[PDB]
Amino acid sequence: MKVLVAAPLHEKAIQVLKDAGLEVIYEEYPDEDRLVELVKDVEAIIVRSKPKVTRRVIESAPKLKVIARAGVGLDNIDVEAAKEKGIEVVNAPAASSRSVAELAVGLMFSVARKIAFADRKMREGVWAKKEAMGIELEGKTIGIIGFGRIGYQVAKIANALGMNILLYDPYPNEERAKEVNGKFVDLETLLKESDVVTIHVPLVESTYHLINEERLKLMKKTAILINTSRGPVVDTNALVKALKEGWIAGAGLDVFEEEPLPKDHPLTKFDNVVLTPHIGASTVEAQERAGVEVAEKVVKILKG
């Protein structure tokens, strides 16, 4: 049996494949034509955000058993074509849960204590101690919208910081909430009582622009918004307005409705926001973990 690795993969992940006795074909980011030629005799394919596993590619792989994505999401995989041929499609979301949570917490600290701001000023020869007055997090209430894999990890860390945890999930997991001493409440209550609101929901019709003007106005004027889920979950225009009018005190953002962010975007003009280029899963540990996770899943399907 052969596995085609069409993207960069960690040594240990490649090692999981070989220790299983599988043949590994390794050529990153091939074009479709080349890909179609590489999949003819493979039982599995492993990719990252690319290359694109189209229908043409799948219909050309007689032996294909599984399509694996080292990370989250299958936007680059024709999931319908796979389903038609009875080909399993797997990924490794759990691999970056902790890293996304850690970034969310990092953003919260940067906004609350004005660290990016102060550092930015320092490099301009300005000693901005007077305006780097921030806030202490111990005892504050953090409102977690979306209590899933990442939301759970954030709650774990919040509990580590001595924060009061509020959770709001249409499908509340009582057991896990109890483990982090988190209390489930309606979204209105969470928005009104939180000092820090962090978003961890998937992007579906139900969550598109979930954070809009109506809900931003419900938040405390002293509150901070953190979004590491997806751009479109937050109405950018409403957030910009909320920041300008002082409806909230600041925001930490890792995802946006335009990626990359256009030049001179309104959000980049606020001193009370910290922006990161969608690096929630960008840790060597999370990237390695995703590769190893899908390698194991591949092995279980094939050799099992």
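Note that residue numbering begins at 1 and tracks the sequence as displayed.
Enquirer: Please work out which of 11-19 and 291-299 has the higher mean CA B-factor as recorded in the PDB entry.
Expert: For C-alpha atoms only, the mean B-factor is higher in 11-19.
Enquirer: For the higher mean C-alpha B factor in the entry, choose 48-56 or 233-241.
Expert: Mean CA B-factor is higher for 48-56.
Enquirer: Between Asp119, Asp186, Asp195, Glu88, which one tops the list for C-alpha B-factor in the PDB entry?
Expert: The listed residue with the largest C-alpha B-factor is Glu88.
Enquirer: Would you mind finding, among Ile279, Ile67, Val36, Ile248, the residue with the largest C-alpha temperature factor in the entry?
Expert: Highest CA B-factor of the listed options: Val36.
Enquirer: Ordered by C-alpha B-factor within the chain, which third holds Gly252? Give me lowest, middle or highest, please.
Expert: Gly252: CA B-factor falls in the lowest third of its chain.
Enquirer: Which third of the chain does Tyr208 land in by C-alpha B-factor: lowest, middle or highest?
Expert: Middle third of the chain for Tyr208's C-alpha B-factor.
Enquirer: For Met219, return the chain-relative third of its C-alpha B-factor as stated in the PDB record: lowest, middle or highest.
Expert: Its C-alpha B-factor, which the entry lists for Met219, ranks in the middle third among residues of this chain.
Enquirer: Determine, from the deposited record, the chain-internal third of the Cα B-factor for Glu179: lowest, middle or highest.
Expert: Middle third by C-alpha B-factor.
Enquirer: By its CA B factor, does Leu107 count among the lowest, middle or highest third of the modelled residues in the chain?
Expert: Lowest third.
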